[PDB]
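S.K.: Below is one structure. I have some questions about it.
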Amino acid sequence: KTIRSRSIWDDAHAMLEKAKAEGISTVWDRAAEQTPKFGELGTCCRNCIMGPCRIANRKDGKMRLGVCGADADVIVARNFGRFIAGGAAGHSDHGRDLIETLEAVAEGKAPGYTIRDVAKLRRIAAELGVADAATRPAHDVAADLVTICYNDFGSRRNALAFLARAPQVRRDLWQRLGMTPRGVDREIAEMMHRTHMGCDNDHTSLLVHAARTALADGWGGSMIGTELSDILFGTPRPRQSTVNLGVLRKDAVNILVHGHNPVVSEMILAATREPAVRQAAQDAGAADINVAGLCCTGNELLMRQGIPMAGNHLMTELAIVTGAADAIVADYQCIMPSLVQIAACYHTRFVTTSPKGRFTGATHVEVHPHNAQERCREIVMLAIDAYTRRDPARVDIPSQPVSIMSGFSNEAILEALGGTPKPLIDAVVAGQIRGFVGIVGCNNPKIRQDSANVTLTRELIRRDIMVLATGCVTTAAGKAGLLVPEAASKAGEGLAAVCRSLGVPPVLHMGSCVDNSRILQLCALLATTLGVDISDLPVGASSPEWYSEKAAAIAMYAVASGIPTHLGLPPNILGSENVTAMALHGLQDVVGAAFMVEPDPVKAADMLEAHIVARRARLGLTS
Amino acid sequence: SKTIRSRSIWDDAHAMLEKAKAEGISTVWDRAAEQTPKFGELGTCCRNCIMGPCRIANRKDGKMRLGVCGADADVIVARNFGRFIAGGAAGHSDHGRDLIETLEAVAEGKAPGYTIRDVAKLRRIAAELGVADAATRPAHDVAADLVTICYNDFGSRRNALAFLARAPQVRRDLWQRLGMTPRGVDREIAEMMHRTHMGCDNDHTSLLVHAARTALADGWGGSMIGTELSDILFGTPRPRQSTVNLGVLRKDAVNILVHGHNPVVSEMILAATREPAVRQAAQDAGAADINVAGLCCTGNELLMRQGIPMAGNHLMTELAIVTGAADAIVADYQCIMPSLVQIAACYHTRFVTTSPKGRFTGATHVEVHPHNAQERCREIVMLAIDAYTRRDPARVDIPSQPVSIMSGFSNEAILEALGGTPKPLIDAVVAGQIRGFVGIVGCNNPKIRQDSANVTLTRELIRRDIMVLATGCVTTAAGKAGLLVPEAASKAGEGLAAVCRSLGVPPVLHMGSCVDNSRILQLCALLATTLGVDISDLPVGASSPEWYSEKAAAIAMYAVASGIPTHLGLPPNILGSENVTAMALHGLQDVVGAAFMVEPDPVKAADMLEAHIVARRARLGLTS
Ligand code: SF4
Ligand code: SF4
């Protein structure tokens, strides 16, 4: 009965029983061992060896301050600052890689890569100030855009380049508060400086720079990553695909791409479509080479190529347990190192491709733009060889894939509306669509897998609130059949009408974790057109099953941009009443939004709907 | 009280610990007594995501051997230590970046009261880094071009940091093969925070290699830019006399204590106290003078360039307020204990913060920037004079009499003492008069009796003809024991005493603040370049007997990664992993040519540093 309580899906239940009988420990098993304190409240501090310090509520009054004299407010806010910095650094390095990949294309030093979307390149470059971006040669225009993006990774700017997309009132508010992101790397470095012993000892000051650090992610690292990926590999358009472990085929070579970087996974797919490589699969007894995605790199291949997704966070271990995973191609971020051990229990080849994502015991085939075509060809060959060593008795692909619709970039959304946001604004004014909520969460073993994600998605569309899905929720919403146009039947009367009018699902898949920058861009476009602030728009954000530092950075820059953000579990901040009050209430007075911590998905829909209604009133609209 | 005598070796510290106990004031030793009790000290506690936190323990049932994500002790300890190093590099990185912004303000003409005090060093540094016509163009044009170069080291488009060219070719080629070449000061910090995220870098060798790269971006980037631009803006240090300990505070004067690391504020504070209208405000209040005294590294900075006396080091900062004569504390950022704000409220003292980065709840914030510093610092000295009129004379007790010291031993001053070349210094090392050099760069740590290890190790090394280069907190330790004066050659060995008397210098050279440990890198790289060898071939060493901060770990790491055997008094939070520990103590020797040494006995630490110096003298074909 424990296996039934760990997830809500049959394919996950099937593989949990399979690993149990085979003696394979999963992420849920190791979570039970680690359940048993001071670090979870954020009141443990390890920032120097004057002593590991813990702040307790003791009867005798001892241990109330650290050795240096820091109180619980400073200690909690510093750990939280480093937590956001690590989340921002995640997206930061990703955007920088995309800058390097575009610079290699511009220099002509990336065989097999091209500028797939030249029209978006000219638009983005013109938006950011590149002279004659409309008419100059594409590679020259790309080089000037590369310089611009790199300069946001420098230390000589007053505001990040894409920050111009925000409404003027939002930018003036950032100026007054001192939150204006100046440089992508610089805010990260200043956060690490402030959290050092004896530097920043004011929890209000620390949280304001956390907002500044997280804003440098959403409007810098992530937005550069999203826009440059569309330039290099194509801007997403609506298309059909499938989800869950059933996307693996018994008769094919199954290559699972895992991580966040489309630079590697896009070239993997190109190699599996080469004629000589497809021949090697048939020679090994396979009908084809089947590429399926995992986590954010899967979301990227889903949006731009329609490649089916095997599963989200907690499904990554179970996909190897199917016995049909012939290789796992990893880059970096959110790749559990337990996959290496579970792959050793089978024939699966675990291949790492990035100098930043090294895993002891893995097969490292380092991929760079100048050798990607050759290296990825070599990586696909290792998957065909591993296929010949597959043990057929241990194969169990549990379910049948579920149809989904993906590729809802802002470009695709506006094209569906006829090239303007006016029909969308009209529906919101009419009350057909009462608001929007972006669900951006992960999975967390503390919560039954996707129970909160699917319930909250169902609750919101019932109340005529459209849902924008990124990250892990894509698999959650898709498995429940909410990512298809026919799912309008499960929405309210107004939302179903608008969805059927446009032929779109009530849940729009807008991409990976960095593609939450698409939600910032969309909100900024609506606020600009209406002449109001983002904090005036009937919008919301939710992370019901989050776990990572990157999720908290996403939650933080949504709040600081005026988007009320709900979290299923609290961050490690409850040890300080002041820091907790600031996150839940005080931030509303400053940036116009705040955090919400609610483990009940229905109560969370009530809170998100309440803020949406209050903002409809301030626009002079009926709920 | 026998407990008070066990916490320091200095009478001016004992005298204030009695005073603090008499008045019910709790110090840093009292709070350290409460925080003695575990996994974080071994480094096996991970809080990088709310899928835990996770503790790696050893239980007979085999449970809790991996994190929820599956990470083992090696990865967890390495990521904690990696983030520990990144925090230290970030402290120096932001300090260096501010020095760039000040120089740009001078170049733009938007910093009233600031100048280019050392134009000759500006042209020299700019020419070294590739500025065209640095010798002849207008100074502000040259400064603007040097600012661009430094800023680009804080960008993401370079393959190697600008000052890395000072390193020997064999050292740079070695960094290239290992993948340690520092590319950008902020970038390595950001990549470290990326690598330590869940599910990114899960190989402890990979993590420590980038820890070395991150720390090298401090020593050859953030700190070196900070040191060299500070000399350009506020002057290159020259040898001079001064005093240390709490006796530098005067009962008859307005006592202003500068605290932190940034000379940009303290230099302008000092200029404000010499304005006639400000000196009048003090005289109108009944004071004989305005007395500025330094604390921590900013005190080291004012000591090197102005000769301003130092009140004390890390653990003395609380006691200086207890004297009752501290009329104001002017703070910028870093290593400023927030308990000072509360202790100042026990007296008349004004606690003033000046930086947007160093904010303290309950403090008086008068934010200083280059464009308003002359006006703002004038306002800050006035607050010190006003607080002086409210001083309680019954609570004043300045315990000891100041000790004479000699300071200001920049590499420029050292080469000038040698006739403009390192040849006499090389000759003494070849002759065996100076058997080696060791930089003692430590802090204070309440776990260790204050300066007991620093002073013992300093005495032990100079006795064995090993010259000691002192930075940071050790400056106060060496000075109080009377080792920072030329007459202290009598306490050195026969060979070292002879060389010291020939040059008229102490056997312990004070080379500046914590960021000025980049001066030691510059000196080592200069000797290795002259000799045609690697830094790992020089009879050199580094020691931090009483360290505590992330900055000390970053300094120790870029010393090791540069080939300098580094001794630590206390171990970093890494003992939870045998592999990470073996790599730090032994494995790194095979990779970068040096390793960490953890030894709490100062005499045994002198034995270890002397052994490596002897081994390297042998490989140079010299008499050991
Ligand atoms: S920074 Fe302060 S609270 Fe944190 S470990 Fe060091 S002494 Fe303790
Ligand atoms: S990163 Fe891994 S070891 Fe660290 S807290 Fe998260 S699950 Fe636990």
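S.K.: Using θ = phi - 60° and the Karplus curve 6.51 cos²θ - 1.76 cosθ + 1.60, what whole-Hz ³J(HN,Hα) does each residue of the stretch A:79-89 get, with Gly and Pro shown as x?
M.R.: Working through the residues one at a time gives 4, 5, x, 5, 5, 6, 4, x, x, 5, 4 Hz.
S.K.: Next question, about the same structure. Where the Cα atoms of the stretch B:1-104 are projected onto their three principal axes, how long is each span, largest first, in whole Å?
M.R.: That gives 55, 53, 23 Å along the principal axes, largest extent first.
S.K.: Mind checking the dipole of the protein assembly as shown: about its Cα centre, +1 per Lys or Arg Cβ, -1 per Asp or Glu Cβ, Debye to the nearest 20?
M.R.: Numbers: 126 positive and 128 negative charges, 294 e Å.
That gives the protein assembly as shown a dipole magnitude of about 1420 debye.
S.K.: DSSP loop (so not H, G, I, E, B), at most 10 other Cβ within 10 Å: list which GluC sites (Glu not before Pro) in the stretch A:512-593 pass both filters.
M.R.: Passing both the DSSP loop test and the Cβ count: no residue.
S.K.: Of the DSSP beta bridges with both residues in the protein assembly as shown, give the percent that are antiparallel, rounding to the nearest 5.
M.R.: Numbers: 14 of 93 bridges.
DSSP beta bridges in the protein assembly as shown are roughly 15 percent antiparallel.
S.K.: Here's another thing I want to ask about it. Need the C-alpha centroid separation for the stretch B:491-545 versus the stretch B:7-28, integer Å.
M.R.: If we compute the Cα centre of each part, the gap is 35 Å.
S.K.: Provide the percentage of antiparallel DSSP beta bridges, counting only those with both residues in chain B; round to the nearest 5.
M.R.: Beta bridges within chain B, antiparallel portion: roughly 15 percent.
S.K.: Take the Cα gyration tensor of the stretch B:82-175, multiply each eigenvalue by 5, square-root it, and list the three semi-axes largest first, rounded to whole angstrom.
M.R.: Working: eigenvalues 132, 72, 22 Å².
Ellipsoid half-lengths, sorted descending, are 26, 19, 11 Å.
S.K.: Let me check I have the definition right: for the stretch B:265-358, take the eigenvalues of the Cα gyration tensor, multiply each by 5, take square roots. What are those semi-axes in whole Å, largest first?
M.R.: 21, 17, 13
S.K.: Just want to confirm a number: the relative contact order over the stretch B:130-196, from Cα pairs under 8 angstrom separated by 6+ residues, in percent.
M.R.: Computed over the stretch B:130-196, the figure is 32 percent.
S.K.: Based on other C-beta atoms within 10 Å, arrange A:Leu173, B:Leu207 from fewest to most. The partial results should precede the final answer.
M.R.: Values: A:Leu173 21, B:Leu207 27.
Ascending number of Cβ neighbours within 10 Å: A:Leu173, B:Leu207.
S.K.: Taking 8 Å as the Cα distance limit and 6 or more residues as the minimum spacing, I'd like the relative contact order of the stretch A:510-566 as a percentage.
M.R.: 33 percent
S.K.: Quick one: 3J(HN,Hα) in Hz for the stretch B:276-291, Karplus 6.51/-1.76/1.60 with θ = phi - 60°, rounded, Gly and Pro as x.
M.R.: Karplus-based 3J(HN,Hα) across the stretch B:276-291 equals x, 5, 6, 4, 5, 4, 5, 5, 4, 8, x, 9, 6, 6, 9, 10 Hz.
S.K.: Once you keep just the Cα pairs under 8 angstrom separated by 6 or more residues, what percentage relative contact order results for the stretch A:58-236?
M.R.: In percent, rounded to a whole number, it is 37.
S.K.: While we're on this one: Run through the stretch A:352-442 and list the trypsin sites (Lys or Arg not before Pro) located in a DSSP loop whose Cβ has at most 11 other Cβ atoms within 10 Å. Walk me through the intermediate numbers first.
M.R.: Values: sites: A:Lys356, A:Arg358, A:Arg375, A:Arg377, A:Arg389, A:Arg390, A:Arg394, A:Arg434; in loops: A:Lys356, A:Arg358, A:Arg389, A:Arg390, A:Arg434.
Within the stretch A:352-442, the qualifying trypsin sites (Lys or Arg not before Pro) (loop, at most 11 other Cβ atoms within 10 Å) are A:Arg389.
S.K.: If you project the alpha carbons of the protein assembly as shown onto their three principal axes, what span does each projection cover, largest first, in Å?
M.R.: Dimensions of the protein assembly as shown along the principal axes of its Cα atoms: 90, 70, 67 Å.
S.K.: Also: Each residue of the stretch A:514-520 in order: what ³J(HN,Hα) in whole Hz does its phi give by Karplus 6.51 cos²θ - 1.76 cosθ + 1.60, θ = phi - 60°, with x for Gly and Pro?
M.R.: Calculated HN-Hα couplings, in order: 5, 6, 5, 4, 4, 5, 4 Hz.
S.K.: Can you give the % of DSSP beta bridges in the stretch B:238-408 that are antiparallel, to the nearest 5?
M.R.: So the antiparallel bridges in the stretch B:238-408 amount to around 20 percent.
S.K.: Another question, if that's okay. Once you have a ≥ b ≥ c as the square roots of the Cα gyration tensor eigenvalues for chain A, tell me rounded if a/c is under 1.5, and otherwise prolate or oblate according to whether a/b is larger than b/c.
M.R.: rounded
S.K.: What spacing in nm lies between the two simple spin-label points modelled at B:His371 and B:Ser502, each 7 Å away from Cα in the Cβ direction?
M.R.: For the pair B:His371/B:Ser502, the computed spacing is 5.4 nm.
S.K.: Pull up all non-local amide H partners of B:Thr243: gap of 5 or more, or a different chain, and H-to-H distance under 5 Å with H placed in the peptide plane.
M.R.: For B:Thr243, whose amide H was placed from the backbone, the distant partners under 5 Å are B:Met310, B:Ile405.
S.K.: Residues with amide H under 5 Å of B:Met597's amide H, sequence separation 5 or more or different chain, H placed in the peptide plane at 1.01 Å from N; which?
M.R.: B:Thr566, B:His567, B:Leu568
S.K.: With the cut-off at 1.5 for a/c, could you classify the stretch A:176-219 from its C-alpha gyration tensor as rounded, prolate or oblate?
M.R.: oblate
S.K.: With the Cα gyration tensor of the stretch B:238-408 giving a ≥ b ≥ c as the square roots of its eigenvalues, does the rule (a/c under 1.5 for rounded; else a/b larger than b/c for prolate; else oblate) give rounded, prolate or oblate?
M.R.: Because its axes are fairly even, with a/c under 1.5, the stretch B:238-408 counts as rounded.
S.K.: Rg and Dmax of the stretch B:59-237 over Cα atoms: what are they, in angstrom?
M.R.: Cα radius of gyration and Dmax of the stretch B:59-237 are 19.8, 75 Å respectively.
S.K.: Efficiency by 1/(1 + (r/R0)^6): what FRET value for B:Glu18 and B:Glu275, r their Cβ-Cβ distance, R0 = 56 Å, to the nearest 0.05?
M.R.: 0.90
S.K.: At what distance in angstrom do the alpha carbon centres of the stretch A:48-83 and the stretch B:379-443 lie from each other?
M.R.: 34 Å
S.K.: A follow-up question, please. What FRET efficiency, computed as 1/(1 + (r/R0)^6) with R0 = 45 Å and r the Cβ-Cβ distance, is obtained for A:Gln282 and A:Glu577, rounded to the nearest 0.05?
M.R.: So, using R0 = 45 Å, E works out to roughly 0.10.
S.K.: Quick check: pseudo-label points 7 Å beyond the Cα along Cα→Cβ at A:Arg239 and B:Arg177, how many nm apart are they?
M.R.: 4.7 nm
No value in this document is a laboratory result; all are computed from the given coordinates. Counting neighbours? That spans all protein chains shown, and the Cβs are built from the backbone with ideal geometry, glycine included.
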